[PDB]
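Here is what each chain is made of, one letter per residue.
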Amino acid sequence: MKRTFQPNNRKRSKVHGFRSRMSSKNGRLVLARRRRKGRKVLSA
Amino acid sequence: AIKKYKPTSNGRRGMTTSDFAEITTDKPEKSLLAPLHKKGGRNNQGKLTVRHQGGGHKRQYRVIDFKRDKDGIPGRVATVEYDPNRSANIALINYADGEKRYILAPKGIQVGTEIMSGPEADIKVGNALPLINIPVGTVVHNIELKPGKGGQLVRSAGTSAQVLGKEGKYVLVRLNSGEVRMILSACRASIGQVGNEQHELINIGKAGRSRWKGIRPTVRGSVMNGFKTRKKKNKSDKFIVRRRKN
Amino acid sequence: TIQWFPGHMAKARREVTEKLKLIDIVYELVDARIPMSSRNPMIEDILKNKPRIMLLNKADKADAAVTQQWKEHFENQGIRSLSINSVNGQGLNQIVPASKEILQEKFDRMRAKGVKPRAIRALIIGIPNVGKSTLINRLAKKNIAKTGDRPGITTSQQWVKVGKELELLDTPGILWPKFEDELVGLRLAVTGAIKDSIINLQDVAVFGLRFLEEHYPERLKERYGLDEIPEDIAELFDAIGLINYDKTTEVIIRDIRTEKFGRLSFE
Amino acid sequence: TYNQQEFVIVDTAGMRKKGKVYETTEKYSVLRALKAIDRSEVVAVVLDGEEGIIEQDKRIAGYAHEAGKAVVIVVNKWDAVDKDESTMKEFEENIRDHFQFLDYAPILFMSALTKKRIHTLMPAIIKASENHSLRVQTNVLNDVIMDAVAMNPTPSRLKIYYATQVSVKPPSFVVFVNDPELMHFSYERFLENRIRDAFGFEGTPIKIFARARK
RNA sequence: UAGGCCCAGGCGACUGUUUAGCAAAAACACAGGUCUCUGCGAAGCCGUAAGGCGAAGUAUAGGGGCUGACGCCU
RNA sequence: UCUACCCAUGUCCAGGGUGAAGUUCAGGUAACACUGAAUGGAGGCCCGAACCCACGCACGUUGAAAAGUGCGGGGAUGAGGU
Ligand SMILES: Nc1nc2c(ncn2[C@@H]2O[C@H](COP(=O)(O)OP(=O)(O)NP(=O)(O)O)[C@@H](O)[C@H]2O)c(=O)[nH]1
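Residues numbered from 1 in each chain as written, not as in the entry; some residues may be left out. Chains lettered and ligands numbered in written order. Part of a larger assembly, values for the part shown. Heavy atoms only, no water. Residues with missing side-chain atoms left out of burial classes, pairs and counts.

1. Quick notes on the sheet that holds strand 2 (residues 70–76) of chain D
Residues and elements named next belong to chain D.
And step 1. Sheet architecture is open: three strands sit in the order 1-2-3, paired in parallel fashion. Either end of the sheet is taken by a strand with one partner, and the two such strands are strand 1 (42–48) and strand 3 (107–109). For this sheet, the mean angle separating the axes of adjacent strands, direction not counted, is 25 degrees.
And step 2. Relative to strand 3, strand 2 runs parallel, the two sharing three bridges. Among the inter-strand pairings, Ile73 is bridged to a residue of strand 3, identified as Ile107. (Pairing = 2+ DSSP bridges. Helix = DSSP H or I, 4+ residues; strand = E, 2+ residues; numbered from the N terminus. Axes fitted to C-alpha atoms, helices over the stretch in contact; angles between N-to-C directions.)

2. Topic: the interface of chain D and chain C
And step 1. Taken residue by residue, the interface counts nine residues in chain D and eight residues in chain C.
And step 2. Across the chain D/chain C interface, buried area totals approximately 720 Å², and carbon plus sulfur atoms make up 61% of it.
And step 3. Inspection of the region where chain D meets chain C yields zero salt bridges.
And step 4. Along the contact surface separating chain D from chain C lie one residue pair in polar contact.
And step 5. Mapped by element, the contributors of at least two residues to the side of chain D that touches chain C are helix 5 (138–151) and helix 6 (185–198) of chain D.
And step 6. A breakdown of the residues in the side of chain D that touches chain C according to their chemical character gives five nonpolar, no polar and four charged. (Contact = heavy atoms within 4.5 Å. Buried area = accessible area lost by both parts, 1.4 Å probe. Salt bridge = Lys/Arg side-chain N within 4 Å of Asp/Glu carboxyl O. Polar contact = N/O pair within 3.5 Å; in protein donor to acceptor, adjacent residues only side chain to side chain. Nonpolar A, V, L, I, M, F, W, Y, C, P; charged D, E, K, R; others polar.)

3. Observations regarding the protein's contact with RNA strand F
And step 1. Around RNA strand F sit 25 residues in total, of which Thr4 and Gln6 of chain A together with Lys6, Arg12 and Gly55 of chain B are the nearest.
And step 2. Taking the atoms of RNA strand F that fall within 4 Å of the protein, sugar and phosphate contribute 71% of them.
And step 3. Between RNA strand F and the protein, one listed contact pairs a phosphate oxygen with a backbone N or O atom of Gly55 of chain B at 3.1 Å.
And step 4. Side-chain polar atom of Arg211 of chain B to a base nitrogen of RNA strand F: 3.3 Å apart, as the coordinates give it.
And step 5. Contributions of two or more residues to the surface near RNA strand F are made by helix 1 (9–16) of chain A together with helix 1 (207–213) of chain B. (Near = heavy atom within 4 Å.)

4. Quick look at the domain arrangement of chain C
Residue and element names in this part refer to chain C.
And step 1. The domains assigned to chain C are domain 1 (11–178) and domain 2 (179–261).
And step 2. Counting from both sides, the interface comprises 13 residues of domain 1 and, opposite them, eleven residues of domain 2.
And step 3. Buried area between domain 1 and domain 2, both sides added, is near 1100 Å², and the carbon and sulfur share of it is 66%.
And step 4. Per-residue buried area on domain 1 facing domain 2 is highest for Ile34, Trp176 and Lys178; these three make up 37% of the total on that side.
And step 5. Counting every contact that joins domain 1 to domain 2 gives zero salt bridges.
And step 6. For the side of domain 1 that touches domain 2, the class distribution of residues is seven nonpolar, two polar and four charged. (Domains from an automatic or database assignment.)

5. Quick notes on the site of the ligand
Residues and elements named next belong to chain C.
And step 1. Near the ligand you find 20 residues, and of these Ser86, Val130, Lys132, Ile153 and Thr154 are the closest.
And step 2. Taking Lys132, its side chain carries an N or O atom lying 2.8 Å from an oxygen atom of the ligand.
And step 3. Considering the ligand on its own, with 660 Å² of exposed area, one finds that the protein chains cover 86% of that surface.
And step 4. For the shell around the ligand, a count of residues per class yields four nonpolar, twelve polar and four charged. (Areas by Shrake-Rupley, 256 points an atom, 1.4 Å probe, with all protein chains shown as cover.)

6. Quick word on unusual backbone geometry
And step 1. Phi is positive for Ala193 of chain C, which is not a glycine, with a value near 60 degrees.
And step 2. Judged by its relative accessible area of 4%, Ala193 of chain C falls in the buried class.
And step 3. Even without being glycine, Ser86 of chain D reaches a positive phi, approximately 70 degrees.
And step 4. With respect to the element layout, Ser86 of chain D can be found in the loop between strand 2 and helix 3 (87–98).
And step 5. For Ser86 of chain D, a relative accessible area of 46% puts it in the partly exposed group. (Buried < 20%, exposed > 50% of the residue type's maximum accessible area, 1.4 Å probe, protein only.)

7. Description of the pattern of salt bridges
And step 1. Under the definition given, this model contains 25 salt bridges over all chains.
And step 2. A salt bridge links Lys124 of chain B to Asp122 of chain B, with the nearest nitrogen and oxygen atoms 3.6 Å apart.
And step 3. One salt bridge connects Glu41 of chain D with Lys169 of chain D, and the closest N-O pair in it is separated by 3.3 Å.
And step 4. You can call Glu41 of chain D partly exposed: its relative accessible area is 49%.
And step 5. One continuous salt-bridge network, built from bridges that share partners, spans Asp65, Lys70, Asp97, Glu99 and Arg101 of chain B.

8. Looking at the packing of aromatic side chains
And step 1. Within the structure shown, the criterion is met by twelve aromatic pairs over all chains.
And step 2. Pairing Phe20 of chain B with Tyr82 of chain B gives two aromatic rings, centres 6.0 Å apart and planes at 85 degrees, and the pair type is edge-to-face. Taken as a pair, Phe20 of chain B in the loop between strand 2 (16–18) and strand 3 (33–34) and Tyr82 of chain B in strand 5 (residues 75–82) lie far apart in primary sequence, 62 residues in all.
And step 3. You can call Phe20 of chain B exposed: its relative accessible area is 51%.
And step 4. Taking the relative accessible area as the measure of exposure, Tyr82 of chain B reaches 44% and is therefore partly exposed.
And step 5. The interplanar angle of 50 degrees and the centroid separation of 6.3 Å between the aromatic rings of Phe207 of chain C and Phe211 of chain C together place this pair among those described as tilted. Linking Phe207 of chain C with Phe211 of chain C, this pair stays in helix 7 (residues 201–215), spanning four residues, or about one helical turn. The exposure classification of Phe207 of chain C matches that of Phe211 of chain C, with both residues buried. (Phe/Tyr/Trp six-rings, centres within 6.5 Å; stacked < 30°, edge-to-face > 60°.)

As structure tokens, this is what we get:
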């Protein structure tokens, strides 16, 4: 049976990428929160 | 006219098809073509607004000419072709000037006929004239509403209207649906009744033919566990002489 | 011989007895082809102190003269009788007035007692494979009961409210637990009303052939594309063809119930 | 006096919605109008024929019904709307669809302006006068009860033991049961229909009381 | 490695679609029939609005209900 | 990125059957519609592999597997699968 995760590099960058986050306001808020916590990796 | 298939299968019982006895070509003209993609009843937001739509064979738009306005320059009908977008057939005209156009095909058009549109054109099938010039009693189609646009009314398959009166600065016309109303006298109209008059006797005969034509299944509201809607202060009510009470 | 008597037949008697009080009038369906043998003494013993009318359904398949004579015999016997065709309403219009005339005594007594007249409650009873459900469907015009071309279709009694005028009670067919006279059993099996997988079809076919030879020699002569009256059965059986040695018995019984022959009666 | 019979008639100045009656104590008259119902025993509700059924009309008819009084639904002003065939049934059927809670009330049509069929109002009134004050025999009433429960043996199981009448107006009845908790409003309404069909009992409400095994 | 066959009754005309993971059916859809609204910035819908679908289509054409092949009764 | 529906562009379906329209000869005729003969290759047509489903039975149920396996079964040029 097909499991729910079928990896693909293009869609991952198009949806959870840095520029997609920076395009809208809520993505910028997400980036700000992740910077505040101090996570080593942010966006995707 | 109408062809009946023999019952060689369960899905062919009672299926009837057209005859295509008024087609002289099978290839359109590259000049008068344009792309046309399919929408699924969605809109600019992507949400569904109209149900029972979507799918079907691909089509290409043919640029019809509903405005005419090519006065003088007599034209000769070159061919009559089938159009998938509308319910009628179209005709290609090679104007003597040189430019070719597409028009709706009225019933009775033979290849080689000479047509002409303008205030001095005579009364015969295929011509186009302002409503002032045409006399009482004629049958016309491709009615215009305001001068400068193109053929709003009565241009489907086998539909016709009639001229009744010539009251000043207007014309009394009766439409296909028993309506009687006045139209601005400077508007244009084409003589004759639209062809392909037997289009309404065709039996689809199968569930998949409507799928080909682009119609999706309809679910009754019961298992989904006479009020007039015309506006009551709508304009153009002063022009409606006799209502559509049928 | 013939013994068919399942348990739902036994339960039907008890249910009818337990719901006897509500009944106003009784309709007793009786086949026209065999009017005397189709009566059920077992259910008649339970049924007493109640007015009733004899109905002769499937009257199109029987000879008119013998049915009318039997109608006279029932009438002068001391009971009302009628001839009806269920599939097409022939005598269905003249039963409501008869019921009204019969029950008028109690109706006027109740009316003078000071209450509004109410609906007539009728109970339909008879042997299986007779029109006790088709008649109800015709009377109600609704097609509400289940009908079939084999005995034992319905299994439980049911109330049907025909307008504000009638309340009908239906009932599965009932047969007496043990037969006594073999001729009656043979006639019943010929007419149907039995599962036909419990009995011997060869004896039924023999009885049919001998009755035909005795009564309708001309109809036996015409038969189906053959003209002879020999002493045995094997002459007619091998008309149209290893061929079925005696399975043709079914054929003999197949057409007769469908009236491939003309109308007849066994009386 | 009408047909050698005396009568008393009272007007009530109309009634409007409770929410929008925020007047300057001029609505104090509505209390007077409500008082007349208590002293009256036959109620005539009047609806306009030119206008359709308004939601407030159903509410007003509620007060009369909850007071246990005979009701005769009346419509006026037919001179406005068309008088024709099947225009009788258009409002006759529509009233039944909307005014379900009262079905016993007879329906009368008359226009006061043109005085059409005005004299027919009293024939309705006198008939309604008797039914609001009527008693049925104890023997007969009981005999009808178990006929209804026999054909509908779906009351553990609720048991019916006795039935009789208490009041003349309106006709109250009490049934002795093993427990009144088993009584269902659907079944209680069922008993009323059978009683209303056994006899006339036209144009008057009926109330049924239930008593325990005692 | 390759079709078991023959009779009699219901139900649904047929091919198809459904409760991923208990119910594949008589349930849904379907071709045909019928009622109702709509004269064009149409009627209906999505959006607070701008802006769109219907359609670049015009009453033999589009929305919304009820039934459900085709032969004999309504 | 699983599943529901839609949009634009690609791609897949071993073999074998039945024989519609049309066309030609032609009893028939004055010629038909109807005989037959030849040609023709239509179908939400038939049998059946790849592919897609999931009707029956058995096993497994701290399983090889948090929906599988084995033997039978349905569709298989279309309202198809991807
Ligand atoms: N020719 C004819 N057939 C009739 C007549 N009445 C009933 N039938 C046939 O009898 C069959 C239905 O009989 P039915 O009334 O259901 O018999 P039943 O007594 O109810 N059997 P059960 O009680 O077990 O349900 C059908 O085949 C119907 O055609 C009639 O008057 N004439």
